[PDB]
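Here the structure is laid out as structure tokens; the discussion comes afterwards.
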Amino acid sequence: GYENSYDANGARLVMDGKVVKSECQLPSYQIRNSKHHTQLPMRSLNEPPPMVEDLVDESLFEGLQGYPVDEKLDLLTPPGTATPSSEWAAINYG
Amino acid sequence: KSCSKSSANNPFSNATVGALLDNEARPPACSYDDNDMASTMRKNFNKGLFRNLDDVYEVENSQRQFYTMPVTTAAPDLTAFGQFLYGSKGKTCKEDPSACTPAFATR
Amino acid sequence: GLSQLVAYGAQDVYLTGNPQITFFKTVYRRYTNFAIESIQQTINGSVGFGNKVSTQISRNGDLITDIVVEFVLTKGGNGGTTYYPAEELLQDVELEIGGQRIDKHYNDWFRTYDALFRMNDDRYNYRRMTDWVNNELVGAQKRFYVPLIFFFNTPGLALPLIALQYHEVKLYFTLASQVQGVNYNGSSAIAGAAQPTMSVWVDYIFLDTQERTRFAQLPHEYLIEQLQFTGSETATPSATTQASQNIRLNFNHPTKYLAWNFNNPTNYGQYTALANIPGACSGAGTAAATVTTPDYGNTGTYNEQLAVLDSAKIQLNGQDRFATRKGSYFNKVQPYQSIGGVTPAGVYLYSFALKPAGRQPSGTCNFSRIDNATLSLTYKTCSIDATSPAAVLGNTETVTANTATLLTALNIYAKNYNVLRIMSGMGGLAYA
Amino acid sequence: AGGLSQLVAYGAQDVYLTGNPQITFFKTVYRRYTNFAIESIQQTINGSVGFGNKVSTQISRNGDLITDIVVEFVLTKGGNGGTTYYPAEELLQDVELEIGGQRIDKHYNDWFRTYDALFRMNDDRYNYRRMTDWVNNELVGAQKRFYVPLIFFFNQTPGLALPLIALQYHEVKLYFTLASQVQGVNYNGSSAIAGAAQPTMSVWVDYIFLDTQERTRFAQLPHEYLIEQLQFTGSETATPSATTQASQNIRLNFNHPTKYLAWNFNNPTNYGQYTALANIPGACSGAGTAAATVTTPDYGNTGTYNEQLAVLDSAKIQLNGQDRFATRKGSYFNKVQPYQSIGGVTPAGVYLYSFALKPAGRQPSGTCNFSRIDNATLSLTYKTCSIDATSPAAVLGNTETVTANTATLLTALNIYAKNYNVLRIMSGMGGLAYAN
Amino acid sequence: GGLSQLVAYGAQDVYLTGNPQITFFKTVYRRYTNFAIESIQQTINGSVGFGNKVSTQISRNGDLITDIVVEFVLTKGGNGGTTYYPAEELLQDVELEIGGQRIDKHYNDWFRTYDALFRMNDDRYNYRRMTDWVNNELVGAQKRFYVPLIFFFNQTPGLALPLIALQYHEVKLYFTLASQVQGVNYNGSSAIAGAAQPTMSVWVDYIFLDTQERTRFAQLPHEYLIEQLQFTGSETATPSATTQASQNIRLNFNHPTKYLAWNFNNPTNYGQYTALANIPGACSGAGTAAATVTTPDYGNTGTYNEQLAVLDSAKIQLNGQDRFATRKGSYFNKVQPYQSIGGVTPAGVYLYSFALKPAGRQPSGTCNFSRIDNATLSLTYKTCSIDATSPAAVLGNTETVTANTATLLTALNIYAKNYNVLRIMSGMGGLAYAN
């Protein structure tokens, strides 16, 4: 009967044997003010796109996995500038 | 349109026996993409479920074994399935003489 | 499989977070509304041994792909006396558009090409269409099918006859004066041998209205392949030394690869020395063995001991383009890396391309910017007595058979790119 | 380290067991209870005690409430060990409970045997046997006092103690019938045993003495006691036959919410014989040897668990002509039903079908109300009696659907039903609320 | 089907299911205070051996304690049939003291009486497996035996002793090992040369509570009803072969008593509550030429054969008036256990309960002997005229007689199990009522 605890969404969390009373006990609270890079649950939005197939490009390439080089290629954290607090993945349970 | 609302007693709007004495001719659940009922579906899904703060991806609580069946209404909705398989391209070559093209019928 | 789905961690985010594809649901990109028809072409000129004939490809369809030349040959001797005789028969084929030569294949090229690029069952089936492979006997008659290997012969490519309203596309085929096991046996003619029957078939593509109109009216630039070929004298190998040679290569254009072989002009497909070991000569392995004549049905072999190249390097504009490597590098490793098939002894490949077996360019050497391209060869010492299997099989890396000195012809090929420009019903190559 | 290292390992899966922990196991609070005392007092038996006689007793109001009642009998063996089978159980042919002239219940010797077969177990069953039979190989002439407990609702739990205190104007009487014959005591099969002694009988009632406040409330308040009753219908069994599978449809003239049905097939000649006789150890007098007779039981070993000697192939119960449950084999009723619902072991030839989750207890847990079932029927199929009882190879190596040729002797069927009624007590009088 | 029963609904169903209050198909389990249990060896002081007294203090390792198991290693000094619950015999007595205050004290005979009366079925068998050799073992066999203690805190978690609340009072168990154990170091009166001394170990099962409970138990006062065993040993009027001996035994008992229990025995032979006889199992070599009715078949010492029991009849009288009508010894042996326990009691062991359910922890009626100036147990013995060596006489006799060998059962042990109050507070504790 824990009607006064941290509801994640619909679930009450448990971290060190006891039910999470408030958000101040969670680890995410230490980085709750930084715009995080990725949020660990990763809910996909609207279905993923299908796998387009063709018999022209696969037959012409004869394998050779021609990879496109004009992509975005999301960079990493430069070794000199520490690791930005944003790089810590938020594990927003609720 | 008339998107059903997953409630606390029927968190997935699956309409098992949940249509008794309340919306017997129940409308469809929700498309799960349009009208974002996914967050409220997961919020209804817990209602007193205790996660261990180690399962950060929300998968150890057997959420893969919970979903919405393709039919959430009282009928199997054979008219949509029938209009999905056939019925399209109205006015055939046999009836009105303008839709025929020198070849045979469609297949 | 639920127990695997739960095993999800940070390491998986790179593979499945914010997924881009799904393996469980596919869509197709390409559609047709196209038809394929096999149509016989008319052959001009007389068909026979040593004759030259030609055909104009009829404008029956809009695009063309495969071309298969059918030949009826008969056996002038027993099983084992022929070696790819339909391949040998078709001495060469020229491809001409608007009167411009586009390309040319040679019987030896078909053999070299096959040696490097066909494989497994594909290769066996090819052999089935060009030779007798079920121990057929003298007098047997067979219809052979020789597919051509021009730039338009993968399903995704075709030659736009429809876009060439004012230019004809022709094939000129030379038939060999002699074919082993059909009308000749070594140097001897076979009395009563039949003349061949020939038929040329072209597979045509019939396009829908929109696709057809575009080909017929729009300008095009088709990336095509061509074969360059230079024949030369081989520095003759000797029991007394390691022959060496520098062959100047008069090649041009972005080249996918270079290939070559050494051979005995007398015996089609003989790229190796003859020996008294099973399959390496007529009657090999027994008392009747002769190391002056091949077991024709087993002319090709993978036993590098009978090959003559010790090592080679290719020099470009006076620079060494790679470190000198052994003949076995070119024979086994190069095709391992670049093709994935198995190349017979005596045939060598050096690729400039990641995957020369495709159509899509994947690295080329542009010889139109090379003033001095030279192939530098080192031959094996011809000191092994071919009639003594122990000598043949128990020897070293730098030596070969005394009979290896018979492989006096050198064939160097280069496969390159060019551009076939087609517009306003006419076309031709941008570079020559 | 140690036990504390287990306590360390606490997570989400523990919340369901120990979060907001409710109760403990290490602090028992005993409840304060009303003060009382229990006394065993002998009642006067009217009528002559003897074999075949009927006697009765009125329970005097010595205490306030009553529970346990034990009837003592003193018998002497009419033969050696192996000749008797629960003889004090056989002797108490029946007992009838009447309050203010209204019959409340009635038990029969066979019922006591059936009840025991289904509901007593382990050492309880053994101790019971010790109180009703001779179980230490006693010899002819041996004298023993037997104690036969009664099993009326108030004789099983304090919770249903009969409020004699609130029955100031209604007498409570027990009528007893003593068997005309008891095997191995005054008769050996049909043969009388010369010199057999007549029984000595005594009825003991255990009385509860209440303190002042509890006593006063009982005397003045109305009471509603949920009680048990035993219904019983005796009938002929479609006689089993060597030639076929006999079948029978028995209308069950039962009423009230029934906890369970129970039944057995028997040979009335020999008390407690629910199975066929055979020349296998314990299955007949002298079984296993040349002198064996498959016409007489080894009385001391009358009961058995060998279903091969039972006669029920299968059975079902219908309500108003409709199947209640799918037809099941006799072994289902004999072994599974009591496994599931009681937890003991039932002897072959005795069958149980419960309508209740826990038929062995007091709290109702599902009942079949036959007062609202116009026509209930018990449908039975018997095994074919083709097995030569004198030949162990045939007796022991046979099939599911057959039994002993001696199984045709099991011609009597006893069907019992135990139901729940309401005993109402007020202003010194009382009785049962539902007559039908 | 089942539906046909549901529809058979009428007036008689209202008193069972109308306006229903409960179900059976939705069990919600009670949540409970989290805990863990560890069996921890105590250090036992004093040389371990036959006839020696040893003891141990229970450390305050966990918060609460319950079960205590005394391990012993004994060896067989003879073949199968020579021992009878020897680990039980070995533990002659056990005394429970808290803070120097005796709480209780049990005797080997009590363990035997208790078992004989209150354990049953497979529990009793499994118990025997932990205290004796039951698989026809031979001389030289060695086994570890486990003798559970039966003090009130050793029977239920509910009475676990809150050692955490006893900072200034130690809890000690004193154990006396018998000078002789049958079939181990002695055979009847004869010592067994070369017999080994026992190995002993005492294990206490500790309960480790979670944080909130440890705190409450440590700081709050506690009160428990506890059980105690009162015991008075005495001579049995010697049973006689010529008459029916009788005896009035003043019972020096106190406190609200749950029940009385007693037995008669031959003090020479542990667990012998019945007479010896030449019938199978009733004596050494019984049933054959070599049989003797001077020595028991030790492995089969106990029996359910009433003919070998000595007591004819008994009653309890309080302050001069009978408490209940005189009943036969067989009533106290078979019926009381039927009514109050549900097990089977061996011949020679008797019970009279004052409680509805004496086998349980919850008081259910008691006899307060602290308010009965003079309670007396009145016993009448059978005539011991039966020739024990002749089965015809042993087995074919009457209710009022027994074996001539029943006169050997001269020791009488009368027990009373009662309720007292244990109070623990501020690190100390003891009982409300002294003895």
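Here's how to read the names in the structure tokens: chain A, B, ... by the order shown, residue numbers from 1 in each chain, ligand numbers from 1 in the order shown.
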
message = With DSSP run on the backbone, what are the alpha helix (DSSP H) residues within range 218-363 of chain C? I'd like them as an NGL selection string.
response = :C and (327-328 or 334-338)

Check your understanding: What's the 7 Å shell around residue 61 in chain A, counting only C-alpha atoms, without same-chain residues fewer than 2 positions away, as an MDAnalysis selection string?
Key -> (chainID A and resid 57:59 63:64) or (chainID C and resid 358:360)

Writer output for current selection, N, CA, C and O atoms, as a PDB file, in the first residue's frame:
```
ATOM      1  N   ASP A  57      20.721  -2.898 -58.399  1.00  0.00           N
ATOM      2  CA  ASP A  57      21.892  -2.482 -57.629  1.00  0.00           C
ATOM      3  C   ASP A  57      22.634  -3.654 -57.006  1.00  0.00           C
ATOM      4  O   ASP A  57      23.870  -3.654 -56.995  1.00  0.00           O
ATOM      5  N   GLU A  58      21.918  -4.653 -56.490  1.00  0.00           N
ATOM      6  CA  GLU A  58      22.587  -5.800 -55.883  1.00  0.00           C
ATOM      7  C   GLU A  58      23.301  -6.642 -56.927  1.00  0.00           C
ATOM      8  O   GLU A  58      24.359  -7.212 -56.644  1.00  0.00           O
ATOM      9  N   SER A  59      22.746  -6.723 -58.132  1.00  0.00           N
ATOM     10  CA  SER A  59      23.385  -7.493 -59.186  1.00  0.00           C
ATOM     11  C   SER A  59      24.537  -6.729 -59.814  1.00  0.00           C
ATOM     12  O   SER A  59      25.528  -7.339 -60.227  1.00  0.00           O
ATOM     13  N   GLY A  63      27.936  -7.603 -54.745  1.00  0.00           N
ATOM     14  CA  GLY A  63      28.339  -7.550 -53.348  1.00  0.00           C
ATOM     15  C   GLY A  63      29.006  -6.211 -53.081  1.00  0.00           C
ATOM     16  O   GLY A  63      28.391  -5.169 -53.300  1.00  0.00           O
ATOM     17  N   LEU A  64      30.220  -6.192 -52.523  1.00  0.00           N
ATOM     18  CA  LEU A  64      31.049  -4.943 -52.481  1.00  0.00           C
ATOM     19  C   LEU A  64      30.497  -3.858 -51.543  1.00  0.00           C
ATOM     20  O   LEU A  64      31.145  -2.800 -51.419  1.00  0.00           O
TER      21      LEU A  64
ATOM     22  N   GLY C 358      32.133  -7.422 -60.917  1.00  0.00           N
ATOM     23  CA  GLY C 358      30.872  -6.684 -60.937  1.00  0.00           C
ATOM     24  C   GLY C 358      30.791  -5.814 -62.189  1.00  0.00           C
ATOM     25  O   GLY C 358      31.369  -6.142 -63.230  1.00  0.00           O
ATOM     26  N   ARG C 359      30.007  -4.735 -62.133  1.00  0.00           N
ATOM     27  CA  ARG C 359      29.869  -3.848 -63.276  1.00  0.00           C
ATOM     28  C   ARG C 359      30.180  -2.476 -62.769  1.00  0.00           C
ATOM     29  O   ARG C 359      30.694  -1.613 -63.484  1.00  0.00           O
ATOM     30  N   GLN C 360      29.853  -2.293 -61.508  1.00  0.00           N
ATOM     31  CA  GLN C 360      30.087  -1.038 -60.834  1.00  0.00           C
ATOM     32  C   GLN C 360      31.578  -0.875 -60.654  1.00  0.00           C
ATOM     33  O   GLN C 360      32.211  -1.770 -60.101  1.00  0.00           O
TER      34      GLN C 360
END
```

Would you please extract all strand (DSSP E or B) residues from range 154-395 of chain D, as assigned by DSSP on the backbone, and give them as an MDAnalysis selection string? chainID D and resid 162 172:178 183 187:188 191:192 200:210 223:236 241 244 247:251 257:266 285 293 312:319 322:323 328:329 350:354 368:369 376:382 384:387

Exercise. Within 12 Å of chain A, which residues of chain B show up when using only C-alpha atoms, listed as a PyMOL selection string?
Worked result: chain B and resi 8+11+31-36+38-59+61

Need to verify the contact set: residue 65 in chain D, 9 Å, only C-alpha atoms, exclusion of same-chain residues closer than 5 positions in sequence. Can you return it as a ChimeraX atom specification? /D:161-166,206-210
